[PDB]
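Asks: Next comes the structure file start.pdb, holding PDB, C-alpha atoms and all ligand atoms.
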```
ATOM      1  CA  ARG I   3       0.000   0.000   0.000  1.00  0.00           C
ATOM      2  CA  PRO I   4       1.039   3.661  -0.406  1.00  0.00           C
ATOM      3  CA  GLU I   5      -0.744   4.365   2.884  1.00  0.00           C
ATOM      4  CA  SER I   6       1.178   1.801   4.903  1.00  0.00           C
ATOM      5  CA  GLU I   7       4.481   3.579   4.182  1.00  0.00           C
ATOM      6  CA  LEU I   8       2.878   6.987   5.029  1.00  0.00           C
ATOM      7  CA  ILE I   9       1.958   5.474   8.409  1.00  0.00           C
ATOM      8  CA  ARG I  10       5.337   3.946   9.099  1.00  0.00           C
ATOM      9  CA  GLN I  11       7.279   7.066   8.188  1.00  0.00           C
ATOM     10  CA  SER I  12       5.020   9.373  10.224  1.00  0.00           C
ATOM     11  CA  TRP I  13       5.162   7.061  13.250  1.00  0.00           C
ATOM     12  CA  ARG I  14       8.903   6.926  13.126  1.00  0.00           C
ATOM     13  CA  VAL I  15       8.992  10.496  14.358  1.00  0.00           C
ATOM     14  CA  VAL I  16       6.555   9.883  17.250  1.00  0.00           C
ATOM     15  CA  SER I  17       7.906   6.492  18.311  1.00  0.00           C
ATOM     16  CA  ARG I  18      11.309   7.872  19.292  1.00  0.00           C
ATOM     17  CA  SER I  19       9.738   9.681  22.237  1.00  0.00           C
ATOM     18  CA  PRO I  20       6.456   7.962  22.867  1.00  0.00           C
ATOM     19  CA  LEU I  21       5.706   9.369  26.294  1.00  0.00           C
ATOM     20  CA  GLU I  22       6.340  12.991  25.111  1.00  0.00           C
ATOM     21  CA  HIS I  23       4.049  12.459  22.146  1.00  0.00           C
ATOM     22  CA  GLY I  24       1.457  10.476  24.069  1.00  0.00           C
ATOM     23  CA  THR I  25       1.394  13.295  26.613  1.00  0.00           C
ATOM     24  CA  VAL I  26       0.301  15.591  23.767  1.00  0.00           C
ATOM     25  CA  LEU I  27      -2.331  13.041  22.827  1.00  0.00           C
ATOM     26  CA  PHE I  28      -3.761  12.877  26.294  1.00  0.00           C
ATOM     27  CA  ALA I  29      -3.546  16.584  27.010  1.00  0.00           C
ATOM     28  CA  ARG I  30      -5.457  17.184  23.774  1.00  0.00           C
ATOM     29  CA  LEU I  31      -7.900  14.479  24.779  1.00  0.00           C
ATOM     30  CA  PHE I  32      -8.896  16.175  27.995  1.00  0.00           C
ATOM     31  CA  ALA I  33      -9.020  19.551  26.233  1.00  0.00           C
ATOM     32  CA  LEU I  34     -11.657  18.139  23.888  1.00  0.00           C
ATOM     33  CA  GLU I  35     -13.455  15.869  26.370  1.00  0.00           C
ATOM     34  CA  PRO I  36     -12.935  16.773  29.982  1.00  0.00           C
ATOM     35  CA  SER I  37     -15.583  14.208  30.937  1.00  0.00           C
ATOM     36  CA  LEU I  38     -12.918  11.499  30.352  1.00  0.00           C
ATOM     37  CA  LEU I  39     -10.954  12.721  33.305  1.00  0.00           C
ATOM     38  CA  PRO I  40     -12.721  10.661  35.964  1.00  0.00           C
ATOM     39  CA  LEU I  41     -12.466   7.464  34.024  1.00  0.00           C
ATOM     40  CA  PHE I  42      -8.804   7.066  35.097  1.00  0.00           C
ATOM     41  CA  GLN I  43      -9.295   5.846  38.627  1.00  0.00           C
ATOM     42  CA  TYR I  44      -5.971   5.069  40.221  1.00  0.00           C
ATOM     43  CA  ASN I  45      -6.227   4.050  43.886  1.00  0.00           C
ATOM     44  CA  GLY I  46      -9.936   5.018  43.858  1.00  0.00           C
ATOM     45  CA  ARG I  47      -9.121   8.772  43.482  1.00  0.00           C
ATOM     46  CA  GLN I  48     -10.251  11.135  40.678  1.00  0.00           C
ATOM     47  CA  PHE I  49      -8.061  13.678  38.948  1.00  0.00           C
ATOM     48  CA  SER I  50      -9.496  17.124  39.493  1.00  0.00           C
ATOM     49  CA  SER I  51      -7.773  18.855  36.678  1.00  0.00           C
ATOM     50  CA  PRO I  52      -6.176  17.565  33.505  1.00  0.00           C
ATOM     51  CA  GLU I  53      -2.731  18.569  34.743  1.00  0.00           C
ATOM     52  CA  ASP I  54      -3.259  16.251  37.671  1.00  0.00           C
ATOM     53  CA  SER I  55      -3.191  13.343  35.220  1.00  0.00           C
ATOM     54  CA  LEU I  56       0.316  14.295  34.140  1.00  0.00           C
ATOM     55  CA  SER I  57       1.705  13.690  37.665  1.00  0.00           C
ATOM     56  CA  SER I  58       0.178  10.218  37.981  1.00  0.00           C
ATOM     57  CA  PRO I  59       2.749   7.470  37.313  1.00  0.00           C
ATOM     58  CA  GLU I  60      -0.124   5.104  36.507  1.00  0.00           C
ATOM     59  CA  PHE I  61      -1.552   7.593  34.035  1.00  0.00           C
ATOM     60  CA  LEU I  62       1.823   7.995  32.387  1.00  0.00           C
ATOM     61  CA  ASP I  63       2.091   4.207  32.305  1.00  0.00           C
ATOM     62  CA  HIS I  64      -1.265   4.169  30.501  1.00  0.00           C
ATOM     63  CA  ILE I  65       0.124   6.648  27.962  1.00  0.00           C
ATOM     64  CA  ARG I  66       2.987   4.238  27.315  1.00  0.00           C
ATOM     65  CA  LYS I  67       0.560   1.316  26.843  1.00  0.00           C
ATOM     66  CA  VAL I  68      -1.572   3.319  24.464  1.00  0.00           C
ATOM     67  CA  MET I  69       1.445   4.267  22.384  1.00  0.00           C
ATOM     68  CA  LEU I  70       2.448   0.624  22.360  1.00  0.00           C
ATOM     69  CA  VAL I  71      -0.873  -0.626  21.084  1.00  0.00           C
ATOM     70  CA  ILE I  72      -0.611   1.985  18.355  1.00  0.00           C
ATOM     71  CA  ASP I  73       2.935   0.874  17.732  1.00  0.00           C
ATOM     72  CA  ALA I  74       1.604  -2.678  17.230  1.00  0.00           C
ATOM     73  CA  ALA I  75      -0.988  -1.393  14.796  1.00  0.00           C
ATOM     74  CA  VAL I  76       1.726   0.359  12.855  1.00  0.00           C
ATOM     75  CA  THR I  77       3.895  -2.791  12.895  1.00  0.00           C
ATOM     76  CA  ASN I  78       0.864  -4.703  11.561  1.00  0.00           C
ATOM     77  CA  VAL I  79      -0.486  -1.961   9.332  1.00  0.00           C
ATOM     78  CA  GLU I  80      -0.517  -4.201   6.227  1.00  0.00           C
ATOM     79  CA  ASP I  81      -2.558  -6.871   7.966  1.00  0.00           C
ATOM     80  CA  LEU I  82      -4.343  -5.739  11.134  1.00  0.00           C
ATOM     81  CA  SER I  83      -6.386  -8.996  11.413  1.00  0.00           C
ATOM     82  CA  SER I  84      -3.531 -10.327  13.635  1.00  0.00           C
ATOM     83  CA  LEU I  85      -4.382  -7.782  16.461  1.00  0.00           C
ATOM     84  CA  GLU I  86      -8.061  -8.092  16.069  1.00  0.00           C
ATOM     85  CA  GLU I  87      -8.544 -10.565  18.862  1.00  0.00           C
ATOM     86  CA  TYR I  88      -6.293  -8.560  21.252  1.00  0.00           C
ATOM     87  CA  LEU I  89      -8.120  -5.352  20.406  1.00  0.00           C
ATOM     88  CA  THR I  90     -11.522  -6.792  21.012  1.00  0.00           C
ATOM     89  CA  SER I  91     -10.512  -7.771  24.532  1.00  0.00           C
ATOM     90  CA  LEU I  92      -8.887  -4.303  24.968  1.00  0.00           C
ATOM     91  CA  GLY I  93     -12.231  -2.969  24.079  1.00  0.00           C
ATOM     92  CA  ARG I  94     -13.842  -5.352  26.625  1.00  0.00           C
ATOM     93  CA  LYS I  95     -11.799  -3.605  29.472  1.00  0.00           C
ATOM     94  CA  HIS I  96     -12.573  -0.072  28.361  1.00  0.00           C
ATOM     95  CA  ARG I  97     -16.353  -0.928  28.521  1.00  0.00           C
ATOM     96  CA  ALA I  98     -15.648  -2.348  32.030  1.00  0.00           C
ATOM     97  CA  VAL I  99     -13.968   0.787  33.395  1.00  0.00           C
ATOM     98  CA  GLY I 100     -16.633   3.032  31.933  1.00  0.00           C
ATOM     99  CA  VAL I 101     -15.380   4.502  28.674  1.00  0.00           C
ATOM    100  CA  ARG I 102     -18.079   5.251  26.133  1.00  0.00           C
ATOM    101  CA  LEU I 103     -16.969   3.691  22.889  1.00  0.00           C
ATOM    102  CA  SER I 104     -17.759   7.161  21.372  1.00  0.00           C
ATOM    103  CA  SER I 105     -14.824   8.552  23.309  1.00  0.00           C
ATOM    104  CA  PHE I 106     -12.405   6.505  21.269  1.00  0.00           C
ATOM    105  CA  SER I 107     -13.230   8.792  18.393  1.00  0.00           C
ATOM    106  CA  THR I 108     -11.967  11.673  20.556  1.00  0.00           C
ATOM    107  CA  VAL I 109      -8.772   9.619  21.091  1.00  0.00           C
ATOM    108  CA  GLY I 110      -8.533   9.360  17.314  1.00  0.00           C
ATOM    109  CA  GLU I 111      -8.900  13.086  16.867  1.00  0.00           C
ATOM    110  CA  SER I 112      -6.231  13.470  19.592  1.00  0.00           C
ATOM    111  CA  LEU I 113      -3.917  11.146  17.843  1.00  0.00           C
ATOM    112  CA  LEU I 114      -4.343  13.013  14.543  1.00  0.00           C
ATOM    113  CA  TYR I 115      -3.678  16.249  16.411  1.00  0.00           C
ATOM    114  CA  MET I 116      -0.482  14.933  17.971  1.00  0.00           C
ATOM    115  CA  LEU I 117       0.692  13.687  14.583  1.00  0.00           C
ATOM    116  CA  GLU I 118      -0.089  16.980  12.927  1.00  0.00           C
ATOM    117  CA  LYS I 119       1.762  18.913  15.623  1.00  0.00           C
ATOM    118  CA  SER I 120       4.658  16.642  15.556  1.00  0.00           C
ATOM    119  CA  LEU I 121       5.076  16.306  11.780  1.00  0.00           C
ATOM    120  CA  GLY I 122       3.804  19.768  10.781  1.00  0.00           C
ATOM    121  CA  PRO I 123       4.100  20.078   6.935  1.00  0.00           C
ATOM    122  CA  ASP I 124       5.005  16.373   6.693  1.00  0.00           C
ATOM    123  CA  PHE I 125       1.531  15.567   7.934  1.00  0.00           C
ATOM    124  CA  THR I 126      -0.094  15.627   4.507  1.00  0.00           C
ATOM    125  CA  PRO I 127      -3.774  15.126   3.869  1.00  0.00           C
ATOM    126  CA  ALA I 128      -2.947  11.609   2.647  1.00  0.00           C
ATOM    127  CA  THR I 129      -1.051  10.905   5.892  1.00  0.00           C
ATOM    128  CA  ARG I 130      -4.112  12.083   7.782  1.00  0.00           C
ATOM    129  CA  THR I 131      -6.335   9.847   5.705  1.00  0.00           C
ATOM    130  CA  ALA I 132      -4.042   6.891   6.168  1.00  0.00           C
ATOM    131  CA  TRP I 133      -3.938   7.440   9.941  1.00  0.00           C
ATOM    132  CA  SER I 134      -7.582   7.903  10.097  1.00  0.00           C
ATOM    133  CA  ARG I 135      -7.974   4.604   8.316  1.00  0.00           C
ATOM    134  CA  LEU I 136      -5.536   2.805  10.543  1.00  0.00           C
ATOM    135  CA  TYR I 137      -6.933   4.198  13.755  1.00  0.00           C
ATOM    136  CA  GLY I 138     -10.445   3.585  12.527  1.00  0.00           C
ATOM    137  CA  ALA I 139      -9.523  -0.090  12.082  1.00  0.00           C
ATOM    138  CA  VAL I 140      -8.102  -0.251  15.595  1.00  0.00           C
ATOM    139  CA  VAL I 141     -11.301   1.176  17.037  1.00  0.00           C
ATOM    140  CA  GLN I 142     -13.526  -1.070  14.859  1.00  0.00           C
ATOM    141  CA  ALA I 143     -11.707  -4.109  16.384  1.00  0.00           C
ATOM    142  CA  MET I 144     -12.028  -2.594  19.859  1.00  0.00           C
ATOM    143  CA  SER I 145     -15.656  -1.777  19.391  1.00  0.00           C
ATOM    144  CA  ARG I 146     -16.456  -5.484  19.281  1.00  0.00           C
ATOM    145  CA  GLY I 147     -15.588  -5.486  23.055  1.00  0.00           C
ATOM    146  CA  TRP I 148     -18.829  -3.517  23.500  1.00  0.00           C
ATOM    147  CA  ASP I 149     -20.448  -6.414  21.390  1.00  0.00           C
ATOM    148  CA  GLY I 150     -22.428  -5.480  18.223  1.00  0.00           C
TER     149      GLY I 150
HETATM  150  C1  LIG I 201     -10.476   6.858  25.491  1.00  0.00           C
HETATM  151  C2  LIG I 201     -10.032   6.977  26.692  1.00  0.00           C
HETATM  152  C3  LIG I 201      -9.276   5.925  27.428  1.00  0.00           C
HETATM  153  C4  LIG I 201      -9.487   5.802  28.764  1.00  0.00           C
HETATM  154  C5  LIG I 201     -10.340   6.773  29.563  1.00  0.00           C
HETATM  155  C6  LIG I 201      -8.694   4.709  29.214  1.00  0.00           C
HETATM  156  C7  LIG I 201      -8.684   4.258  30.520  1.00  0.00           C
HETATM  157  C8  LIG I 201      -8.073   3.072  30.869  1.00  0.00           C
HETATM  158  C9  LIG I 201      -8.088   2.547  32.167  1.00  0.00           C
HETATM  159  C10 LIG I 201      -8.776   3.146  33.359  1.00  0.00           C
HETATM  160  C11 LIG I 201      -7.406   1.381  32.131  1.00  0.00           C
HETATM  161  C12 LIG I 201      -7.160   0.475  33.323  1.00  0.00           C
HETATM  162  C13 LIG I 201      -6.040   1.086  34.162  1.00  0.00           C
HETATM  163  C14 LIG I 201      -4.701   1.031  33.506  1.00  0.00           C
HETATM  164  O1  LIG I 201      -4.176  -0.085  33.170  1.00  0.00           O
HETATM  165  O2  LIG I 201      -4.088   2.115  33.263  1.00  0.00           O
HETATM  166  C15 LIG I 201      -6.925   1.208  30.792  1.00  0.00           C
HETATM  167  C16 LIG I 201      -6.163   0.161  30.391  1.00  0.00           C
HETATM  168  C17 LIG I 201      -5.563   0.107  29.157  1.00  0.00           C
HETATM  169  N1  LIG I 201      -5.689   1.013  28.126  1.00  0.00           N
HETATM  170 FE1  LIG I 201      -6.861   2.512  28.147  1.00  0.00          FE
HETATM  171  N2  LIG I 201      -8.123   4.149  28.168  1.00  0.00           N
HETATM  172  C18 LIG I 201      -8.403   4.788  27.050  1.00  0.00           C
HETATM  173  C19 LIG I 201      -7.898   4.545  25.823  1.00  0.00           C
HETATM  174  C20 LIG I 201      -6.967   3.683  25.389  1.00  0.00           C
HETATM  175  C21 LIG I 201      -6.563   3.481  24.060  1.00  0.00           C
HETATM  176  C22 LIG I 201      -6.976   4.278  22.825  1.00  0.00           C
HETATM  177  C23 LIG I 201      -5.640   2.477  24.102  1.00  0.00           C
HETATM  178  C24 LIG I 201      -4.846   1.894  23.061  1.00  0.00           C
HETATM  179  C25 LIG I 201      -4.900   2.233  21.760  1.00  0.00           C
HETATM  180  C26 LIG I 201      -5.517   2.047  25.438  1.00  0.00           C
HETATM  181  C27 LIG I 201      -4.720   1.048  25.897  1.00  0.00           C
HETATM  182  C28 LIG I 201      -4.870   0.555  27.170  1.00  0.00           C
HETATM  183  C29 LIG I 201      -4.166  -0.651  27.595  1.00  0.00           C
HETATM  184  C30 LIG I 201      -3.134  -1.435  26.787  1.00  0.00           C
HETATM  185  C31 LIG I 201      -4.592  -0.911  28.848  1.00  0.00           C
HETATM  186  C32 LIG I 201      -4.146  -2.110  29.723  1.00  0.00           C
HETATM  187  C33 LIG I 201      -5.284  -3.076  29.554  1.00  0.00           C
HETATM  188  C34 LIG I 201      -5.058  -4.480  30.149  1.00  0.00           C
HETATM  189  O3  LIG I 201      -5.197  -4.673  31.383  1.00  0.00           O
HETATM  190  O4  LIG I 201      -4.790  -5.435  29.412  1.00  0.00           O
HETATM  191  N3  LIG I 201      -6.374   2.747  26.176  1.00  0.00           N
HETATM  192  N4  LIG I 201      -7.367   2.278  30.044  1.00  0.00           N
END
```
Is it possible to give me this structure as structure tokens?
Replies:
Amino acid sequence: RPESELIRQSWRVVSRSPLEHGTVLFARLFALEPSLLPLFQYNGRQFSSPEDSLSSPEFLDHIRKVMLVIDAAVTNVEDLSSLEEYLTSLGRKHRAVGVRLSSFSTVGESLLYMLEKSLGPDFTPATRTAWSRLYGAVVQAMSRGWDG
């Protein structure tokens, strides 16, 4: 695919400093959807403010995990069917903890934002399309964890 190489070359930039980039992703996320803040419950306590999230080791660990799932998607961008089963079960958990499936679209917008900010002019409309397609496939797999 042309798209698969657009993905891999864009991710290259991000994947050298995944926590720094994932921090952008999650800061953007809470800027768009502050109602996601309470869904990260680490030792039964709620972040008050988005900046509170940034001091939580467990929250930063979740950033790393996110960036790793996306890394796996990138690695398997040609054939994503291999992660399908994993992603469904990932979805299963996010239903459990209380994430509306609809909020994963905000994650997608956040991801596109982080890419755009990171790549600037190198984030072409075709790169955006490609990413949107890749991420959309990740979330389609995940959505099965909310069955149907
Ligand atoms: C949309 C908002 C999201 C919220 C509010 C959220 C929240 C959570 C919470 C509360 C957990 C359990 C605690 C933890 O392990 O940190 C979790 C686990 C996880 N999240 Fe998320 N999450 C979101 C999105 C994502 C996305 C987009 C990905 C990956 C693309 C991701 C990957 C993970 C992984 C890998 C785990 C560990 C799951 C396991 O136990 O196997 N999360 N998430």
Asks: Just want the 10 Å neighbourhood of segment 93-97 of chain I, counted on only C-alpha atoms, with same-chain residues fewer than 4 positions away dropped. Output as a PyMOL selection string.
Replies: chain I and resi 41+87-89+101-103+106+140-149
Asks: Against ligand LIG 201 (chain I), which residues of chain I fall within 7 Å? For each one I want the closest pair of atoms and the distance in Å (one decimal), counting all atoms listed in the file, rows by chain and increasing residue number, as a tab-separated table.
Replies:
```
residue	atom	partner	partner_atom	distance
I:38	CA	I:LIG201	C5	5.4
I:41	CA	I:LIG201	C5	5.0
I:42	CA	I:LIG201	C10	4.3
I:43	CA	I:LIG201	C10	5.9
I:60	CA	I:LIG201	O2	5.9
I:61	CA	I:LIG201	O2	6.1
I:63	CA	I:LIG201	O2	6.6
I:64	CA	I:LIG201	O2	4.5
I:67	CA	I:LIG201	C30	4.6
I:68	CA	I:LIG201	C24	3.8
I:69	CA	I:LIG201	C25	6.7
I:71	CA	I:LIG201	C25	5.0
I:72	CA	I:LIG201	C25	5.5
I:92	CA	I:LIG201	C33	6.0
I:95	CA	I:LIG201	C33	6.5
I:96	CA	I:LIG201	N4	6.0
I:99	CA	I:LIG201	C10	5.7
I:101	CA	I:LIG201	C5	5.6
I:105	CA	I:LIG201	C1	5.2
I:106	CA	I:LIG201	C1	4.7
I:109	CA	I:LIG201	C1	5.5
```
Asks: Expressed in Å to a single decimal, how great is the separation between atom CA of residue 47 of chain I and atom CA of residue 35 of chain I?
Replies: 19.0 Å
Asks: What separation in Å, quoted to one decimal, exists between atom CA of residue 34 of chain I and atom CA of residue 20 of chain I?
Replies: 20.8 Å
Asks: Just the number, please: distance in Å from atom CA of residue 6 of chain I to atom CA of residue 113 of chain I, one decimal.
Replies: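 Between atom CA of residue 6 of chain I and atom CA of residue 113 of chain I the gap works out to 16.8 Å.
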Asks: From the set I:119, I:30, I:10, I:23, which residue has the shortest atom-to-atom contact distance to residue 75 of chain I, counting only C-alpha atoms?
Replies: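 Using only C-alpha atoms, residue 75 of chain I sits closest to I:10.
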Asks: Quick one: everything within 8 Å of segment 131-134 of chain I, counting all atoms listed in the file, minus sequence neighbours fewer than 6 positions away in the same chain. Send it as a PyMOL selection string.
Replies: chain I and resi 5-6+8-9+110+114
Asks: How would you write, as an MDAnalysis selection string, the residues chosen by the PyMOL selection byres (((chain I and resi 79-81) around 8) and not hetatm) on this structure?
Replies: chainID I and resid 3 6 9 75:78 82:84 136
Asks: Any chance you could work out the residue set of the PyMOL selection byres (((chain I and resi 12) around 8) and not hetatm) here, as a short mmCIF file (atom, residue, chain, number, x, y, z; two decimals) with C-alpha atoms, in the coordinates of the input?
Replies:
```cif
data_model
loop_
_atom_site.label_atom_id
_atom_site.label_comp_id
_atom_site.auth_asym_id
_atom_site.auth_seq_id
_atom_site.Cartn_x
_atom_site.Cartn_y
_atom_site.Cartn_z
CA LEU I 8 2.88 6.99 5.03
CA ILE I 9 1.96 5.47 8.41
CA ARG I 10 5.34 3.95 9.10
CA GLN I 11 7.28 7.07 8.19
CA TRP I 13 5.16 7.06 13.25
CA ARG I 14 8.90 6.93 13.13
CA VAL I 15 8.99 10.50 14.36
CA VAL I 16 6.56 9.88 17.25
CA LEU I 117 0.69 13.69 14.58
CA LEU I 121 5.08 16.31 11.78
CA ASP I 124 5.00 16.37 6.69
CA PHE I 125 1.53 15.57 7.93
CA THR I 129 -1.05 10.90 5.89
#
```
Asks: Given all atoms listed in the file as the basis, pick out the residue of I:86, I:73, I:53, I:118 nearest to residue 36 of chain I.
Replies: I:53
Asks: I need the residue set behind the PyMOL selection byres (((chain I and resi 22) around 12) and not hetatm) for this file; please write it as a ChimeraX atom specification.
Replies: /I:15-21,23-29,56,62,65-66,69,116-117,120
Asks: What are the centre and the three edge lengths of an axis-aligned box that wraps all atoms of segment 29-41 of chain I in the file, given that 8 Å is added to every side, written as lines of an AutoDock Vina configuration file and rounded to one decimal in Å?
Replies:
```
center_x = -9.6
center_y = 13.5
center_z = 29.9
size_x = 28.0
size_y = 28.1
size_z = 28.2
```
Asks: Measuring atom to atom with all atoms listed in the file, identify which of I:7, I:70, I:111, I:45 is nearest to residue 138 of chain I.
Replies: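 Closest residue, counting all atoms listed in the file: I:111.
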Asks: Pick out the closest residue to residue 107 of chain I from this set: I:44, I:32, I:49, I:137. Count only C-alpha atoms.
Replies: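 The answer is I:137, which sits nearest to residue 107 of chain I.
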